[PDB]
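K.L.:
build the 3D model from these lines:
(7 chains, ligands or ions: 1)
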Amino acid sequence: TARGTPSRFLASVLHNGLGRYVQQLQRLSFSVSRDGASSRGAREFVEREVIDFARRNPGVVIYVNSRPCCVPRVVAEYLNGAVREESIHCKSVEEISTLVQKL
Amino acid sequence: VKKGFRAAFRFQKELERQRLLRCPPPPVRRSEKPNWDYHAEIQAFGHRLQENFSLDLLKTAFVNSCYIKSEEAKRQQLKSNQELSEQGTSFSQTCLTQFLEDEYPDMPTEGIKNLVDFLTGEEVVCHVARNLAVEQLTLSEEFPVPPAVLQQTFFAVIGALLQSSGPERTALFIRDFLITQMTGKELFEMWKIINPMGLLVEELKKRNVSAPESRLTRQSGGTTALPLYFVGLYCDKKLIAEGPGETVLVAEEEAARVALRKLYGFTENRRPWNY
Amino acid sequence: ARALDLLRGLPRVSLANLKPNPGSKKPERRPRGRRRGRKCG
Amino acid sequence: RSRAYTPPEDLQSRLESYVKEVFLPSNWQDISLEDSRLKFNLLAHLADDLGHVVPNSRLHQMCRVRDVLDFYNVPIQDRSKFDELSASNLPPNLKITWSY
Amino acid sequence: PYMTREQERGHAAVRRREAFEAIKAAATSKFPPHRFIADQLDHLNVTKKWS
Amino acid sequence: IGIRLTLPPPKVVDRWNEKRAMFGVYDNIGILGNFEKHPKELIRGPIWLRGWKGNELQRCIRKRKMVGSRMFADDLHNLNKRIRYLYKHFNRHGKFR
Amino acid sequence: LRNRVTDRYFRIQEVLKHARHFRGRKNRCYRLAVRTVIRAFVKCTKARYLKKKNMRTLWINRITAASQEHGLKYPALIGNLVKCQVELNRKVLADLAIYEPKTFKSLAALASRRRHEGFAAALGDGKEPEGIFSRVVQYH
Ligand SMILES: [Mg+2]
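P.N.:
Residues are numbered from 1 along each chain as shown, chains lettered A, B, ... in the order given. The coordinates are given below.
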């Protein structure tokens, strides 16, 4: 509830739309287990769509780390330093392409 | 002893979070943390700003002088920033003054010099460079990057951009990132003046207009601790300004600023910047 | 049988792939929670 | 032992050597292979000449030398996924490390 | 009223009968759905890995 | 606050144990051994419930009739009380009749 | 006990984290804190109806304030801006009262001139030419 949670005002980062639009996403960092059942949808994102995503946004540098993980993650880093680590554990391919385009 | 792994694994990771809310680590830069690739992140840098840099020229616009004097002192157990932050500072000190003079052709030489002293001073330009991810692409000696070095580095990026696309791209890149920083600001929040009534007399004598008469248009609660006055500034029975204030000398000093903002074309309802 | 050629591309059937027929296993209904148990039926 | 099989440019020719060594009439791409001696011999040559066996799951599928010809003019590519991605035109904002 | 009772006698009986015969053909066409080899072999995919 | 401050000692598990590697062998001894044995002559447990499944009233009535003659005396008296309880529960109480 | 609950610290902490800013024992003890977190969560969703209502009476009270500086009343302004086909809502009209008061002096003038054009039209009931600000722009 709003008294239990903080608040803020509506703001862009550096007046994001005035002169030019700067994409605020800086990095994306996937960690996908190769032999691992939870990353089975995220393995197909790295297969199918991580090349296609990396040409719609050239200002975002993408990392696919591919280690022994139990819960695959995407760590979305922004230009102002905020870090959103969302978990793509046992998601489909469709639920990740909406997850990553939302970040 | 209840058996099982998963609650003890959750609780171990939720005590590490409490170890960081009691003992947080000192800041390290993004370079010496995982997931980093410097020739990647410099390419991806320019694509964000929609600018075509030349990567030999942009890479050396991050190599500061202090970074170099640590590498050679560590080599007992590269070209600098300086050439490119001289062409990028002299240009944005001169490409900024051309925009502020075309938009406000009535501001004096003393004010526009102080407007460009604010847009190219350390406190706006190190808010621009920190949110454009310059602070993560610098090579420097210490961390967090001090604003002597970061104000220097950001203009070497403007220096690199000038030799990669010329002024007819760089006059945009200053208009979109430094000129936008004055939006929603008052004039004397940048150009801070002492005694605006002195500065208002001489501007009025310059335009061959007679003296302003301080005069009390409206007031309220003159014998309380919360008064309001409005002091109107009449130049031969026409008012050029009026301003409010807690006492009379506050309202006369502020109506002197209200006159200067109307004289210079820096009012609140003035025409916005065309982008 | 075209279905056997589909078995070539799929990974090998282990004991970690098995699944009953849909409808063969009903879910056991046990009295915990707001709907199933307050007076528990 | 590598499973990387490339169909050579001359597979249509080397097979006509190998039907003729297993037999020899015309229309040599439509012989029924219902003899097992005529199926074992033709398929034990083509493995030892090429290094690419017929799997047991595809063995009953090839009843014609039509059906043996097109098993050998497909390629089998056997690479890791790190080899498959890094040799597949990654855009320069994409880095794939592989801690394995 | 535009017509009387004698004029609207049976005037929608061809559509009213046809509307129920679609309600009746909706109700007499209940059956279990077709069951495929597609949804059964697709559970083998839960152990798909990389090489 | 009953949650452990250290994570427990690790569970190693030998998947190629002799019990696990040969699990299942001779479960099909009847249908391809000319039916000389049943698969329930492989099950090893209490003598009264070899090849036989029942609920708790069927189990204690069967354990009494088969092994009650050599049961311990304070352990037999618990069995007759348990049969007398599960008779009263299963025949007199419940939601469904 | 075959299997007992180990995750119970994390179920307490989903309800106690929402109660951390409360008074007394309803931030610490879970049995009291679960009845207040529920009651706080009931009030939060029922206040999506009263945020919308309490904003509008605040807009109406700020419009009644500013249309009385110009002599009108609230119903004489709002009903008459409709007859001029001016479909500005109450949120914008309270924004024009505060932030652009020369325009609110124009809308109070438009609403009053249409108000005088309605008295002067409905005196001679029957065929009389409409006022300038009484013509409707019909759309088809
Ligand atoms: Mg209860």
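
K.L.:
what helix or strand does whichever residue of the stretch 51-200 of chain B sits closest to chain G sit in?
P.N.:
When scored by C-beta to the nearest C-beta, the stretch 51-200 of chain B has residue B:184 as its residue closest to chain G, at 14.8 Å. Where C-beta positions appear, they are placed from N, C-alpha and C, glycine not excepted. In the assignment (DSSP states H and E), residue B:184 maps to no helix and no strand.

K.L.:
and for it, the neighbour number?
P.N.:
Using other C-beta atoms under 10 Å in any protein chain shown, residue B:184 has 8 other residues around it.

K.L.:
ok, it to residue B:34 distance?
P.N.:
39 Å (C-beta to C-beta, to the nearest Å).

K.L.:
check residue D:95 too.
P.N.:
12 Å.

K.L.:
who's more crowded, these two?
P.N.:
Shown here are residue D:95 and residue B:34; by other C-beta under 10 Å, residue D:95 has more neighbours (18 against 10).

K.L.:
who does the more buried one bridge with?
P.N.:
residue A:63 (DSSP bridges).

K.L.:
what residues does it make contact with?
P.N.:
A:61, A:62, A:63, A:64, B:37, B:40 (C-beta atoms under 8 Å, 6 or more residues apart in numbering or on different chains).

K.L.:
by neighbours, which of those wins?
P.N.:
Counting neighbours by other C-beta under 10 Å, residue A:61 leads the contacts of residue D:95 with 29 neighbours.

K.L.:
touching, that one and residue B:38? I think so.
P.N.:
No - Residue A:61 lies out of contact with residue B:38 (C-beta atoms under 8 Å); the separation is 10.5 Å.

K.L.:
torsion angles phi and psi at residue E:29?
P.N.:
phi -120, psi 40 (degrees, to the nearest 10).

K.L.:
whoops, I mixed them up, residue B:220
P.N.:
Residue torsions, per degrees, to the nearest 10, at residue B:220 are phi -160, psi 140.

K.L.:
chain A contacts on chain B?
P.N.:
B:35, B:37, B:40-41, B:43-45, B:47-50, B:127-128, B:130-133, B:172, B:175-177, B:179-181, B:183, B:275 (C-beta under 8 Å from any C-beta of the partner chain).

K.L.:
can you rerun that using 6 Å?
P.N.:
B:35, B:40, B:41, B:44, B:47, B:48, B:131, B:133, B:175, B:176, B:180, B:275 (C-beta under 6 Å from any C-beta of the partner chain).

K.L.:
with chain E instead?
P.N.:
Counting by C-beta under 6 Å from any C-beta, the positions of chain E adjacent to chain A are E:46, E:48, E:49, E:50.

K.L.:
so how many other residues sit close to the third one?
P.N.:
The reference is to residue E:49. For residue E:49, using other C-beta under 10 Å, the count is 14.

K.L.:
so it touches residue A:35, yeah?
P.N.:
Yes - with contacts counted by C-beta atoms under 6 Å, residue E:49 reaches residue A:35, the gap being 4.6 Å.

K.L.:
find the nearest non-adjacent residue to residue B:212, please.
P.N.:
The spatially closest residue to residue B:212, leaving aside those adjacent along the chain, is residue B:233, at 4.4 Å (C-beta to C-beta, 6 or more residues apart in numbering or on different chains).

K.L.:
ok, residue B:243 next?
P.N.:
residue B:255 (3.4 Å).

K.L.:
next one: residue B:88
P.N.:
Nearest non-adjacent residue to residue B:88, counting by C-beta to C-beta, 6+ apart: residue B:159, 2.6 Å away.

K.L.:
with residue B:173 instead?
P.N.:
residue B:161 (5.8 Å).

K.L.:
tell me the helices and strands packed up against the strand or helix carrying the one you found.
P.N.:
Using DSSP H and E, residue B:161 sits within helix B:147-165. If you count contacts as 3 or more C-beta pairs under 6 Å, 6 or more residues apart in numbering or on different chains; DSSP states H and E, helix B:147-165 packs onto helix B:55-59, helix B:84-92, helix B:122-131, helix B:167-175.

K.L.:
quick one, which of these gets closest to residue G:105.
P.N.:
helix B:167-175 (37.6 Å; C-beta to C-beta).

K.L.:
what's in contact with the following helix or strand past the closest one?
P.N.:
On the C-terminal side of helix B:167-175, the closest following helix or strand by DSSP H and E is helix B:196-206. Residues from elsewhere that reach helix B:196-206, judged by C-beta atoms under 6 Å, 6 or more residues apart in numbering or on different chains: B:193, B:256, B:257, B:259, B:260, B:263.

K.L.:
show me those that map onto helices.
P.N.:
In helices, defined here by DSSP state H, the members of the contacts of helix B:196-206 are B:256, B:257, B:259, B:260, B:263.

K.L.:
ok, so of those, who is nearest residue A:26?
P.N.:
Of those, the one sitting nearest to residue A:26 (C-beta to C-beta) turns out to be residue B:257, at 41.3 Å.

K.L.:
now the closest one. Nearest residue, chain neighbours left out?
P.N.:
Nearest to residue B:257 is residue B:196, by C-beta to C-beta, 6+ apart, at 4.9 Å.

K.L.:
count the neighbours of that neighbour for me.
P.N.:
If we define neighbours as other C-beta under 10 Å, then residue B:196 has 20 of them.

K.L.:
and if you look at residue B:143?
P.N.:
15.

K.L.:
so it is in which element?
P.N.:
Using DSSP H and E, no helix or strand contains residue B:143.

K.L.:
burial count for the closest residue to it other than its chain neighbours?
P.N.:
Nearest non-adjacent residue to residue B:143, counting by C-beta to C-beta, 6+ apart: residue B:29, 4.8 Å away. Other residues within reach of residue B:29, judged by other C-beta under 10 Å, total 15.

K.L.:
and residue B:29, which of the three is it?
P.N.:
coil (DSSP: H, G, I helix; E, B strand; the rest coil).

K.L.:
do you know how far it is from residue B:221?
P.N.:
56 Å.

K.L.:
likewise residue G:71?
P.N.:
Applying C-beta to C-beta to residue G:71 and residue B:221 gives a distance of 26 Å.

K.L.:
pick out the residue of chain A closest to chain B.
P.N.:
Closest point on chain A to chain B, by C-beta to the nearest C-beta, is residue A:19, at 2.3 Å.

K.L.:
quick one: distance of the lengthiest helix in chain A to the chain centre.
P.N.:
Longest among the helix segments of chain A by residue count, using DSSP H, is helix A:94-102. Helix A:94-102 has its C-alpha centroid displaced from the chain centroid by 8 Å (C-alpha atoms, centre = their mean, to the nearest Å).

K.L.:
one step back: and the helices and strands packed on helix B:147-165 as TSV, adding mean neighbour count?
P.N.:
Formatted as TSV, those follow (neighbours: other C-beta atoms under 10 Å in any protein chain shown):
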stretch	mean neighbour count
helix B:55-59	16
helix B:84-92	20
helix B:122-131	18
helix B:167-175	17
